[PDB]
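Enquirer: This one's a deposited entry, sequence included:
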Amino acid sequence: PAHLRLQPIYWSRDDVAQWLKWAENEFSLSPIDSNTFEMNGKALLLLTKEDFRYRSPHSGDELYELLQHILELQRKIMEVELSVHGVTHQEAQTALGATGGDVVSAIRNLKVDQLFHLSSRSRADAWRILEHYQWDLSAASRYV
């Protein structure tokens, strides 16, 4: 499907629209109006399967599984980058790859790193400060 050869996290809005049409014809789906799913590939990853069904009762579950067969870890990278301030894709991917897939540990260790960067304190102090403020990098960031 041409431009669809890139990771779904990089899909623009029109890539999503062309992915829908491609799925409809490749899988003989019921008509999928392009007006639905008016979003880019980053947004598609945040939708639940239930959201796919509400948008496409005829094909929603199929589209969601087809996106799962295409691309899993991308949702996690998104969650990490959405939980910590200004994290790159490769950073979230690197952090999760160390976390073993644990998004919770991955966000914490990145917040601990991000706090440590702004603080002259020990890294064990950063972990205590961030935990004292319930892993709220903003409220543990103003302290410095």
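Expert: Nice, I can see it. Numbers count the residues shown, from 1 in each chain.

Enquirer: CA atoms for contacts and neighbours, from now on please.
Expert: Noted.

Enquirer: which residues in the protein form helices?
Expert: 13-26, 41-46, 49-55, 60-70, 73-83, 89-99, 103-118, 123-132 (DSSP state H).

Enquirer: For the residue nearest to residue 17 when sequence neighbours are not counted, grab the count of nearby residues.
Expert: With sequence-adjacent residues excluded and distances taken as Cα to Cα, 6 or more residues apart in numbering, residue 17 is closest to residue 34, at 5.9 Å. If you count neighbours by other Cα atoms under 10 Å, residue 34 ends up with 13.

Enquirer: cool, residue 128 as well?
Expert: 14.

Enquirer: That one and residue 121: what is the separation?
Expert: Distance from residue 128 to residue 121, counting by Cα to Cα, to the nearest Å: 11 Å.

Enquirer: that older thread, now tabulate the helices of the chain in a markdown table and tack on distance to residue 140.
Expert: Compiled in a markdown table, those are given as follows (distance: least, Cα to Cα, whole Å):
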| stretch | distance to residue 140 |
| --- | --- |
| helix 13-26 | 37 |
| helix 41-46 | 28 |
| helix 49-55 | 35 |
| helix 60-70 | 36 |
| helix 73-83 | 15 |
| helix 89-99 | 21 |
| helix 103-118 | 8 |
| helix 123-132 | 5 |
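
Enquirer: Looking at those, which is nearest to residue 141?
Expert: helix 103-118 (6.4 Å; Cα to Cα).
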